[PDB]
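Encoded as C-alpha coordinates, the following chain is the form deposited in one PDB entry, with no partner shown.
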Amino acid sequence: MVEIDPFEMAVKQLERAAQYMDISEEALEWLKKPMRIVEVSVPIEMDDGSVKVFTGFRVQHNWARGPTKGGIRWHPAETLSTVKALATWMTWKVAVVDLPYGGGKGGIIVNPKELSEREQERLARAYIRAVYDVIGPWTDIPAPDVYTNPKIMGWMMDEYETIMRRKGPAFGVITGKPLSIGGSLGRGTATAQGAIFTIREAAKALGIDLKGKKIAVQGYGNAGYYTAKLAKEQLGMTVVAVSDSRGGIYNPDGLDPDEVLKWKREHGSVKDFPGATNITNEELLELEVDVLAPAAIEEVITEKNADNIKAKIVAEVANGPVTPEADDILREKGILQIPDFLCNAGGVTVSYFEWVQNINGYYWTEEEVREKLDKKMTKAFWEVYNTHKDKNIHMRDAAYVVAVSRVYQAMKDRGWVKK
(Lines give C-alpha, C1' and ligand atoms only; values in the text may rest on other atoms or scores of the structure.)
Protein backbone atom coordinates (compact mmCIF):
# COMPACT_ATOMS: atom_id res chain seq x y z
CA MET A 1 0.00 0.00 0.00
CA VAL A 2 3.11 2.19 -0.03
CA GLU A 3 3.10 5.07 -2.51
CA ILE A 4 6.64 4.33 -3.68
CA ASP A 5 9.25 1.65 -3.01
CA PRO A 6 10.84 2.24 0.43
CA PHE A 7 14.39 1.28 -0.58
CA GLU A 8 14.20 3.33 -3.78
CA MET A 9 12.94 6.29 -1.75
CA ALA A 10 15.77 5.87 0.75
CA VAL A 11 18.37 5.77 -2.04
CA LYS A 12 16.78 8.85 -3.61
CA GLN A 13 17.02 10.68 -0.28
CA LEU A 14 20.66 9.62 0.11
CA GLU A 15 21.57 10.96 -3.35
CA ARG A 16 19.47 14.10 -2.94
CA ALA A 17 21.34 14.85 0.28
CA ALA A 18 24.79 13.82 -0.96
CA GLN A 19 24.34 16.50 -3.61
CA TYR A 20 25.23 18.96 -0.84
CA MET A 21 28.47 17.34 0.32
CA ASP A 22 31.88 16.20 -0.90
CA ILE A 23 31.77 12.40 -1.11
CA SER A 24 33.51 10.13 -3.61
CA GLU A 25 31.52 8.14 -6.16
CA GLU A 26 32.79 4.81 -4.82
CA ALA A 27 31.71 5.72 -1.29
CA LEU A 28 28.25 6.65 -2.59
CA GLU A 29 27.97 3.31 -4.41
CA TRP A 30 29.05 1.54 -1.22
CA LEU A 31 26.45 3.44 0.82
CA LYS A 32 23.62 2.83 -1.68
CA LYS A 33 23.77 -0.95 -1.19
CA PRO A 34 23.22 -2.99 2.00
CA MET A 35 26.41 -4.74 3.05
CA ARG A 36 24.75 -8.05 3.99
CA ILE A 37 21.20 -9.37 3.50
CA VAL A 38 20.06 -12.71 4.94
CA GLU A 39 16.71 -14.16 3.88
CA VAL A 40 15.73 -17.20 5.94
CA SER A 41 12.81 -19.58 6.25
CA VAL A 42 11.35 -19.67 9.76
CA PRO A 43 9.46 -22.94 10.43
CA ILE A 44 7.18 -23.14 13.45
CA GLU A 45 4.59 -25.64 14.66
CA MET A 46 1.06 -24.25 14.86
CA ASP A 47 -1.41 -24.97 17.65
CA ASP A 48 -3.13 -27.59 15.48
CA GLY A 49 0.15 -29.48 14.97
CA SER A 50 0.88 -28.41 11.39
CA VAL A 51 4.19 -26.82 10.39
CA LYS A 52 4.11 -23.34 8.83
CA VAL A 53 7.08 -21.58 7.23
CA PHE A 54 7.37 -17.79 7.36
CA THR A 55 9.84 -15.49 5.63
CA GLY A 56 12.41 -13.67 7.77
CA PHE A 57 14.92 -10.99 6.83
CA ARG A 58 18.04 -9.75 8.58
CA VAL A 59 19.61 -6.88 6.64
CA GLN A 60 22.68 -5.05 7.92
CA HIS A 61 23.51 -2.13 5.62
CA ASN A 62 26.87 -1.03 7.04
CA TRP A 63 29.06 -1.77 10.07
CA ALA A 64 31.93 0.68 9.53
CA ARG A 65 31.21 2.54 12.78
CA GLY A 66 30.56 -0.60 14.83
CA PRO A 67 28.11 -3.46 15.34
CA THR A 68 24.85 -2.93 13.49
CA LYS A 69 21.69 -1.98 15.38
CA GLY A 70 18.02 -2.10 14.44
CA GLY A 71 14.68 -3.49 15.48
CA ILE A 72 12.66 -6.47 14.27
CA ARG A 73 9.34 -5.77 12.55
CA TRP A 74 6.57 -8.36 12.38
CA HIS A 75 4.26 -7.34 9.56
CA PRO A 76 2.04 -9.01 6.92
CA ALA A 77 2.69 -6.16 4.44
CA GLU A 78 6.45 -6.27 5.03
CA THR A 79 8.83 -6.70 2.09
CA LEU A 80 12.60 -7.10 1.79
CA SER A 81 12.73 -3.59 0.33
CA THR A 82 11.12 -2.22 3.51
CA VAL A 83 13.74 -3.93 5.69
CA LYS A 84 16.55 -2.65 3.46
CA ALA A 85 15.21 0.91 3.70
CA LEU A 86 14.83 0.61 7.47
CA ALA A 87 18.42 -0.65 7.87
CA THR A 88 19.68 2.20 5.68
CA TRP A 89 17.78 4.69 7.85
CA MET A 90 19.11 2.95 10.95
CA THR A 91 22.65 3.66 9.76
CA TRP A 92 22.02 7.42 9.61
CA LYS A 93 20.03 7.22 12.83
CA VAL A 94 22.98 5.84 14.79
CA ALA A 95 25.43 8.10 12.95
CA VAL A 96 23.59 11.35 13.73
CA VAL A 97 23.62 10.89 17.52
CA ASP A 98 27.22 9.62 17.36
CA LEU A 99 26.85 6.02 18.47
CA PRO A 100 29.44 3.25 17.89
CA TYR A 101 26.86 1.34 15.81
CA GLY A 102 26.23 0.51 12.20
CA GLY A 103 22.78 0.16 10.65
CA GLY A 104 20.69 -2.99 10.76
CA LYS A 105 17.13 -4.26 10.71
CA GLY A 106 15.15 -7.47 10.84
CA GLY A 107 11.65 -8.62 10.10
CA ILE A 108 9.19 -11.45 9.65
CA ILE A 109 6.30 -11.45 7.18
CA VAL A 110 3.59 -12.47 9.65
CA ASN A 111 0.32 -11.19 11.10
CA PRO A 112 1.01 -11.41 14.87
CA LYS A 113 -2.66 -10.69 15.64
CA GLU A 114 -3.46 -14.15 14.22
CA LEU A 115 -0.83 -15.93 16.35
CA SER A 116 -1.23 -17.18 19.91
CA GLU A 117 1.28 -16.66 22.71
CA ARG A 118 2.89 -20.07 22.22
CA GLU A 119 3.02 -19.57 18.45
CA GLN A 120 4.65 -16.15 18.91
CA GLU A 121 7.26 -17.63 21.25
CA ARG A 122 7.96 -20.44 18.78
CA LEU A 123 8.28 -17.90 15.96
CA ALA A 124 10.76 -15.78 17.93
CA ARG A 125 12.86 -18.81 18.91
CA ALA A 126 12.87 -20.17 15.36
CA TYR A 127 13.86 -16.75 13.99
CA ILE A 128 16.79 -16.67 16.41
CA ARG A 129 17.77 -20.21 15.40
CA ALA A 130 17.66 -19.11 11.75
CA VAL A 131 19.66 -15.87 12.08
CA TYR A 132 22.06 -16.85 14.90
CA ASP A 133 25.01 -16.96 12.50
CA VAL A 134 24.76 -13.24 11.65
CA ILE A 135 23.81 -11.74 15.04
CA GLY A 136 25.66 -11.24 18.30
CA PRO A 137 26.55 -8.76 21.05
CA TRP A 138 29.38 -7.43 18.85
CA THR A 139 27.97 -8.27 15.39
CA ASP A 140 24.26 -7.39 15.22
CA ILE A 141 21.99 -6.26 18.06
CA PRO A 142 18.24 -6.50 17.33
CA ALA A 143 15.55 -4.55 19.18
CA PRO A 144 11.78 -4.11 19.41
CA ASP A 145 9.90 -2.59 16.49
CA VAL A 146 6.36 -2.51 15.03
CA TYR A 147 4.26 -5.38 16.43
CA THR A 148 7.16 -6.57 18.59
CA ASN A 149 7.54 -5.96 22.31
CA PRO A 150 9.93 -6.66 25.24
CA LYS A 151 8.21 -10.03 25.73
CA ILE A 152 9.37 -11.26 22.32
CA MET A 153 12.75 -9.65 23.01
CA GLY A 154 13.16 -11.74 26.16
CA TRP A 155 12.16 -14.91 24.31
CA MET A 156 14.73 -14.15 21.61
CA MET A 157 17.41 -13.42 24.22
CA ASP A 158 16.70 -16.72 25.99
CA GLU A 159 16.94 -18.65 22.73
CA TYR A 160 20.20 -16.91 21.82
CA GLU A 161 21.64 -17.65 25.26
CA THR A 162 20.64 -21.31 24.92
CA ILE A 163 22.36 -21.56 21.53
CA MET A 164 25.41 -19.56 22.70
CA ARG A 165 25.96 -21.83 25.73
CA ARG A 166 26.47 -18.74 27.94
CA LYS A 167 30.00 -18.12 26.63
CA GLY A 168 29.75 -14.33 26.63
CA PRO A 169 27.43 -11.40 27.33
CA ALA A 170 24.23 -12.93 25.97
CA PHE A 171 22.14 -10.19 27.61
CA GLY A 172 23.77 -7.74 25.19
CA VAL A 173 22.73 -9.61 22.05
CA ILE A 174 19.37 -7.80 21.98
CA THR A 175 17.90 -4.64 23.50
CA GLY A 176 14.47 -3.57 24.67
CA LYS A 177 14.43 -6.48 27.13
CA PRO A 178 12.34 -6.78 30.29
CA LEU A 179 14.01 -5.32 33.37
CA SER A 180 14.08 -8.70 35.15
CA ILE A 181 16.23 -10.30 32.45
CA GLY A 182 18.72 -7.48 31.90
CA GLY A 183 16.46 -4.57 30.99
CA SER A 184 17.25 -0.86 31.19
CA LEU A 185 15.36 1.88 33.03
CA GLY A 186 13.73 4.42 30.74
CA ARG A 187 13.82 2.13 27.70
CA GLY A 188 10.03 1.85 27.66
CA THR A 189 9.58 5.58 27.05
CA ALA A 190 12.85 6.02 25.15
CA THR A 191 11.75 7.04 21.66
CA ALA A 192 8.94 9.17 23.09
CA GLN A 193 11.36 10.96 25.42
CA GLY A 194 13.74 11.64 22.54
CA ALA A 195 10.89 12.93 20.39
CA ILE A 196 9.71 15.19 23.22
CA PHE A 197 13.23 16.57 23.68
CA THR A 198 13.53 17.26 19.95
CA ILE A 199 10.11 18.93 19.90
CA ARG A 200 11.10 21.13 22.85
CA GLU A 201 14.36 22.10 21.13
CA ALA A 202 12.53 22.85 17.88
CA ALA A 203 10.03 25.04 19.72
CA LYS A 204 12.93 26.79 21.43
CA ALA A 205 14.52 27.43 18.04
CA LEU A 206 11.21 28.67 16.59
CA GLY A 207 10.43 30.78 19.66
CA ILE A 208 7.14 29.00 20.43
CA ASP A 209 5.78 28.36 23.93
CA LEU A 210 4.37 24.84 23.84
CA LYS A 211 2.21 25.19 26.98
CA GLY A 212 -1.46 25.10 26.00
CA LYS A 213 -0.73 24.18 22.38
CA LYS A 214 -2.16 21.26 20.41
CA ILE A 215 -0.52 17.98 19.40
CA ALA A 216 -1.99 15.33 17.11
CA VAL A 217 -0.41 11.87 17.26
CA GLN A 218 -0.85 9.17 14.62
CA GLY A 219 -0.55 5.59 15.82
CA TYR A 220 -1.16 4.52 19.41
CA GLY A 221 1.58 1.94 20.00
CA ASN A 222 4.70 2.05 22.16
CA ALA A 223 5.88 5.29 20.56
CA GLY A 224 2.63 7.10 19.80
CA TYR A 225 0.96 6.57 23.17
CA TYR A 226 4.07 7.45 25.14
CA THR A 227 4.69 10.51 22.94
CA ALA A 228 1.16 11.76 23.61
CA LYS A 229 1.48 11.06 27.34
CA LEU A 230 4.85 12.79 27.66
CA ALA A 231 3.72 15.77 25.57
CA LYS A 232 0.69 16.20 27.83
CA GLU A 233 2.84 15.76 30.94
CA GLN A 234 6.27 17.30 30.25
CA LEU A 235 5.60 19.88 27.53
CA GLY A 236 2.17 20.88 28.86
CA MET A 237 0.61 20.19 25.46
CA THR A 238 -3.05 19.37 24.78
CA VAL A 239 -3.56 16.07 22.96
CA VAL A 240 -6.51 16.81 20.67
CA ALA A 241 -6.47 13.69 18.47
CA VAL A 242 -5.01 10.18 18.45
CA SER A 243 -5.39 7.22 16.10
CA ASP A 244 -4.60 3.60 15.34
CA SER A 245 -4.96 1.38 12.27
CA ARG A 246 -8.76 1.30 12.58
CA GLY A 247 -9.21 5.06 12.81
CA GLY A 248 -8.80 7.98 15.17
CA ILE A 249 -10.56 10.09 17.77
CA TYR A 250 -10.47 13.89 17.83
CA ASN A 251 -11.45 16.22 20.67
CA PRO A 252 -10.96 20.02 20.68
CA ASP A 253 -10.97 20.08 24.50
CA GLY A 254 -8.20 17.48 24.77
CA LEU A 255 -7.84 13.77 25.54
CA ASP A 256 -6.41 11.94 28.54
CA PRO A 257 -3.91 9.40 27.15
CA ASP A 258 -4.42 6.93 30.01
CA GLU A 259 -8.19 6.70 29.51
CA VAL A 260 -7.71 6.34 25.75
CA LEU A 261 -5.18 3.55 26.32
CA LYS A 262 -7.56 1.78 28.71
CA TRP A 263 -10.38 2.05 26.15
CA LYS A 264 -8.08 0.70 23.43
CA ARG A 265 -7.07 -2.25 25.60
CA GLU A 266 -10.68 -3.00 26.59
CA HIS A 267 -12.05 -2.63 23.05
CA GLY A 268 -9.13 -3.31 20.70
CA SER A 269 -9.13 0.17 19.18
CA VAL A 270 -9.49 3.82 20.15
CA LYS A 271 -12.60 4.13 17.97
CA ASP A 272 -15.87 5.28 19.57
CA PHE A 273 -14.08 6.69 22.62
CA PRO A 274 -16.59 8.62 24.80
CA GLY A 275 -16.59 12.38 24.34
CA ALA A 276 -14.61 12.22 21.08
CA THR A 277 -15.42 12.31 17.38
CA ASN A 278 -14.42 9.42 15.12
CA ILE A 279 -12.20 10.46 12.20
CA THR A 280 -9.80 8.87 9.75
CA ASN A 281 -6.01 8.97 9.71
CA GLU A 282 -6.17 11.15 6.60
CA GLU A 283 -8.42 13.56 8.49
CA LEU A 284 -6.14 13.52 11.55
CA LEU A 285 -3.08 14.38 9.46
CA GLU A 286 -4.96 17.42 8.09
CA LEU A 287 -6.07 18.78 11.48
CA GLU A 288 -5.27 22.32 12.63
CA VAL A 289 -2.65 21.54 15.28
CA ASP A 290 0.65 23.02 16.40
CA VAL A 291 2.56 19.72 16.49
CA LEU A 292 1.88 16.64 14.37
CA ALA A 293 3.66 13.40 15.33
CA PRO A 294 3.26 10.45 12.95
CA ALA A 295 4.14 7.33 14.95
CA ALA A 296 2.89 4.58 12.63
CA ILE A 297 3.51 2.95 9.25
CA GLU A 298 5.77 4.82 6.84
CA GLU A 299 4.75 6.98 3.87
CA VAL A 300 1.72 8.76 5.34
CA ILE A 301 2.52 12.20 3.89
CA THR A 302 2.73 12.37 0.08
CA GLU A 303 1.65 14.67 -2.75
CA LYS A 304 -1.89 13.58 -1.90
CA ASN A 305 -1.89 15.51 1.37
CA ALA A 306 1.40 17.41 1.60
CA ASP A 307 -0.34 20.73 0.89
CA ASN A 308 -3.10 19.92 3.41
CA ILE A 309 -0.77 19.68 6.42
CA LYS A 310 -1.42 22.56 8.82
CA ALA A 311 1.00 21.89 11.68
CA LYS A 312 3.77 24.28 12.70
CA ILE A 313 6.15 21.42 13.60
CA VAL A 314 6.03 17.89 12.17
CA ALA A 315 7.83 15.45 14.47
CA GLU A 316 8.59 12.34 12.40
CA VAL A 317 8.48 9.79 15.21
CA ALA A 318 7.91 7.06 12.63
CA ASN A 319 10.59 5.74 10.27
CA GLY A 320 10.35 7.54 6.94
CA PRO A 321 6.78 8.83 7.18
CA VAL A 322 7.29 11.71 4.71
CA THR A 323 8.36 11.41 1.07
CA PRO A 324 11.09 13.69 -0.36
CA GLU A 325 8.57 15.43 -2.60
CA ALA A 326 6.31 15.96 0.40
CA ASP A 327 9.41 17.22 2.23
CA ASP A 328 9.90 19.86 -0.48
CA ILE A 329 6.23 20.87 -0.33
CA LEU A 330 6.28 21.15 3.47
CA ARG A 331 9.50 23.20 3.43
CA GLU A 332 7.96 25.51 0.83
CA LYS A 333 5.07 25.96 3.26
CA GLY A 334 7.33 27.11 6.09
CA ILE A 335 6.74 24.01 8.23
CA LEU A 336 9.69 22.90 10.36
CA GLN A 337 10.32 19.16 10.14
CA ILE A 338 12.29 17.09 12.62
CA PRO A 339 13.95 14.41 10.46
CA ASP A 340 12.79 10.85 11.01
CA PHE A 341 16.13 9.40 12.09
CA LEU A 342 16.82 12.36 14.40
CA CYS A 343 13.41 12.72 16.07
CA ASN A 344 13.11 9.07 17.14
CA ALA A 345 16.81 8.52 17.87
CA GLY A 346 16.02 8.40 21.59
CA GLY A 347 14.95 4.78 21.31
CA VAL A 348 18.19 3.65 19.69
CA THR A 349 20.12 5.84 22.14
CA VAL A 350 18.60 4.14 25.18
CA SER A 351 19.06 0.80 23.40
CA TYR A 352 22.76 1.69 23.18
CA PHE A 353 22.71 2.50 26.89
CA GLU A 354 21.12 -0.88 27.63
CA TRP A 355 23.72 -2.64 25.48
CA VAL A 356 26.51 -0.84 27.36
CA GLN A 357 24.97 -1.86 30.69
CA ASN A 358 24.66 -5.47 29.50
CA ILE A 359 28.22 -5.78 28.20
CA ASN A 360 29.68 -4.05 31.28
CA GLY A 361 27.46 -5.98 33.71
CA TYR A 362 26.66 -2.74 35.56
CA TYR A 363 23.26 -1.07 35.39
CA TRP A 364 22.41 2.61 35.74
CA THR A 365 19.51 4.53 37.26
CA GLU A 366 16.60 6.43 35.73
CA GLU A 367 18.23 9.82 36.33
CA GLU A 368 21.53 8.92 34.64
CA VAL A 369 19.77 7.50 31.57
CA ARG A 370 17.49 10.54 31.40
CA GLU A 371 20.40 13.00 31.62
CA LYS A 372 22.56 11.19 29.06
CA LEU A 373 19.64 10.88 26.63
CA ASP A 374 18.77 14.57 27.01
CA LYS A 375 22.39 15.55 26.44
CA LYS A 376 22.78 13.38 23.33
CA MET A 377 19.47 14.39 21.75
CA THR A 378 20.04 18.11 22.37
CA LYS A 379 23.54 17.96 20.87
CA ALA A 380 22.39 16.04 17.79
CA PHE A 381 19.37 18.28 17.19
CA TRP A 382 21.39 21.48 17.51
CA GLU A 383 24.08 20.11 15.19
CA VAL A 384 21.46 19.32 12.54
CA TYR A 385 19.71 22.67 13.03
CA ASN A 386 22.88 24.74 12.69
CA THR A 387 23.84 22.55 9.73
CA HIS A 388 20.61 23.33 7.87
CA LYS A 389 20.81 27.02 8.79
CA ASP A 390 24.42 27.53 7.68
CA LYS A 391 23.97 25.80 4.32
CA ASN A 392 20.34 26.93 3.75
CA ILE A 393 19.10 23.41 3.04
CA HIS A 394 16.27 21.14 4.15
CA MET A 395 16.38 19.57 7.61
CA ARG A 396 16.41 16.00 6.29
CA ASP A 397 19.41 16.78 4.09
CA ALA A 398 21.32 18.50 6.90
CA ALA A 399 21.02 15.47 9.19
CA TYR A 400 22.34 13.37 6.30
CA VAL A 401 25.33 15.70 6.05
CA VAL A 402 25.85 15.19 9.78
CA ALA A 403 25.31 11.43 9.56
CA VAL A 404 26.73 10.14 6.27
CA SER A 405 29.96 12.13 6.63
CA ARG A 406 30.68 10.34 9.90
CA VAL A 407 29.99 6.99 8.24
CA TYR A 408 32.12 8.12 5.30
CA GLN A 409 34.97 8.97 7.67
CA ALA A 410 34.75 5.48 9.16
CA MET A 411 35.35 3.89 5.77
CA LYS A 412 38.32 6.17 5.16
CA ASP A 413 39.64 5.02 8.54
CA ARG A 414 39.17 1.36 7.58
CA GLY A 415 40.56 1.48 4.04
CA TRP A 416 37.25 0.35 2.52
CA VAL A 417 37.30 3.30 0.11
CA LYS A 418 40.54 5.02 -0.87
CA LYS A 419 39.00 8.33 -1.94
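If you superpose the two forms and keep the largest set of C-alpha atoms that fall within 1.5 Å, you have the rigid core. Residue numbers here begin at 1 and follow the sequence given.
Just so it is clear, the following notes concern the form deposited in another entry, a form of the same protein that is not shown.
A.B. asks: Among 99, 185, 306, 126, whose C-alpha is off by 2 Å or more between the shown form and the other one on a rigid-core fit?
C.D. replies: Single residue meeting the criterion: 306.
A.B. asks: Once the core is aligned, does residue 293 move its Cα by at least 2 Å between the shown form and the other one?
C.D. replies: Result for residue 293: yes, a 2 Å-plus shift.
A.B. asks: Following rigid core alignment, is the displacement of the residue 349 C-alpha between the shown form and the other one equal to or greater than 2 angstroms?
C.D. replies: No.
A.B. asks: So that I can tell if residue 319 moves, could you say whether its C-alpha shifts by at least 2 Å between the shown form and the other one after the core superposition?
C.D. replies: Yes, its C-alpha moves 2 Å or more.
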